[PDB]
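First comes the structure, then the notes that go with it.
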Amino acid sequence: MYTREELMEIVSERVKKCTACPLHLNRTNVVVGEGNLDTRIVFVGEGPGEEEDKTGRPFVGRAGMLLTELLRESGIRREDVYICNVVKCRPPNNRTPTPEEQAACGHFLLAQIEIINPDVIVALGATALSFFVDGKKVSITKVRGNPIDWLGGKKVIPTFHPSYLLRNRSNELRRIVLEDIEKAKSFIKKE
Ligand code: SF4
Numbered sequence: 001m002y003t004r005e006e007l008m009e010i011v012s013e014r015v016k017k018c019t020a021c022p023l024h025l026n027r028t029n030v031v032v033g034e035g036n037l038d039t040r041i042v043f044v045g046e047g048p049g050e051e052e053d054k055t056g057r058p059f060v061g062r063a064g065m066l067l068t069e070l071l072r073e074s075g076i077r078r079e080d081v082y083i084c085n086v087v088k089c090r091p092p093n094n095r096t097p098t099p100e101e102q103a104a105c106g107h108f109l110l111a112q113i114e115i116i117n118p119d120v121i122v123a124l125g126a127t128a129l130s131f132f133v134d135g136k137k138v139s140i141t142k143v144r145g146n147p148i149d150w151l152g153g154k155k156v157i158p159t160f161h162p163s164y165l166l167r168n169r170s171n172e173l174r175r176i177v178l179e180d181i182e183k184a185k186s187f188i189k190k191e
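Per the deposited numbering, residue 1 is the first one in the sequence shown, and the count goes up by one each step.
What follows is the structure in structure tokens.
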């Protein structure tokens, strides 16, 4: 009747046509997401940076390159999971997306998660965090590492955004993130 591929494409087409928030006026290309539509684990960030915007792909910038390594160091191949963000359009001067802008785009993420139906989601960053606590304010630093019960029994593991490890290069910091990723993997349901 219908395939996951087709539904994601519909999401994709509606995004390219979206003008729901101010961010549509700035971006060069929308960044929907990429990966395995059958992964049991999804990674979600904040939004498009300069490279993402140019390639229309997620996490291709320096932060993305770093994320690739964290995944590799967690026994994970990019091609095996799915990667996306809370907002699809790049804000001017890469400023942080406004909560309003965040609220307007969210329905897309929801559909994506709906289509993939994963066992666990990793929230990279505070923005990714807000989305899973209903926009509410929460300190990424205080909650990182603690599993959150989300819809359909799915678990969300919040952790730091790769962008942070670009800034602070301490090994302790990298170890914590990896620890959090391992944590999420433990929630993937055994075969
Ligand atoms: S950021 Fe999202 S809600 Fe705003 S114009 Fe882009 S696709 Fe639409």
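Every residue gets a Cβ at the ideal spot worked out from N, C-alpha and C, and that includes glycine.
Uninterrupted alpha helix (DSSP H) stretches inside the region 151–182 (no shorter than 4 residues): If only complete runs of 4 or more residues are kept, the region 151–182 shows the alpha helix (DSSP H) at 162–167, in order along the chain.
CA nearest to the CA of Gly35, picked from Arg169, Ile176, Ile76, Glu46: Locating residue 35 in the sequence shown gives position 35, counting from the first residue. Ranking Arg169, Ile176, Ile76, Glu46 by CA distance to the CA of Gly35 puts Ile76 first.
Validate contact between the region 54–62 and the region 21–41 using beta carbons, cut 8 Å, 3 pairs: With the rule of 3 Cβ pairs closer than 8 Å, the region 54–62 counts as touching the region 21–41.
8 Å Cβ cutoff met for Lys155 and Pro147: For the purposes of this step, residue 155 is identified with residue 155 of the sequence shown, where counting begins at 1. For the purposes of this step, residue 147 is identified with residue 147 of the sequence shown, where counting begins at 1. The criterion of a C-beta distance shorter than 8 Å is satisfied by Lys155 and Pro147.
Closest Cα partner of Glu191 within the set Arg40, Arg14, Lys88: Stepping through the sequence shown from its first residue, residue 191 is reached at position 191. Comparing Cα-Cα distances from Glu191 to each of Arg40, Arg14, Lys88, the minimum goes to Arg40.
CA-to-CA distance, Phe187 to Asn29, given in whole angstroms: For the purposes of this step, residue 29 is identified with residue 29 of the sequence shown, where counting begins at 1. For the purposes of this step, residue 187 is identified with residue 187 of the sequence shown, where counting begins at 1. Looking at the two C-alpha atoms, the distance is approximately 34 Å.
Per-residue burial, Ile113 [other beta carbons within 10 Å of its own, 16 or more giving buried]: Here residue 113 refers to the residue found at position 113 when the sequence shown is read from its first residue. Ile113 should be labelled buried.
Residues that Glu34 bridges to, as DSSP identifies them: As a first step, residue 34 must be located in the sequence shown, where it is residue number 34. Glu34 has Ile83 as its beta-bridge partners, per DSSP.
Three-state secondary structure (DSSP) of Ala103: Residue 103 sits at position 103 when you count from the first residue of the sequence shown. Helix, per DSSP.
Per-residue DSSP class, three states only, for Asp119: The residue given as residue 119 occupies position 119 in the sequence shown. DSSP, read as helix, strand or coil, puts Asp119 in coil.
Residue span of the beta strand (DSSP E) that contains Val60, given as start and end: Along the sequence shown, one-based indexing puts residue 60 at 60. Segment: none, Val60 is in no beta strand (DSSP E) and carries neither H nor E.
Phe108 versus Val44: straight-line alpha-carbon distance, rounded: Sequence index remark: in the sequence shown, residue 108 carries index 108 (1-based). Sequence index remark: in the sequence shown, residue 44 carries index 44 (1-based). Roughly 12 Å separates the two Cα atoms.
Residue environment, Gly153, which counts as buried when at least 16 other CB atoms sit within 10 Å: Residue 153 sits at position 153 when you count from the first residue of the sequence shown. Its Cβ having fewer than 16 others within 10 Å, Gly153 is exposed.
Own chain partners of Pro118 with C-beta closer than 7 Å, once the 5 adjacent residues on each side are dropped: Taking the first residue of the sequence shown as position 1, residue 118 is located at position 118. Cβ neighbours of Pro118 beyond the five flanking positions: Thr39, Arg40, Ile41, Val42, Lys154.
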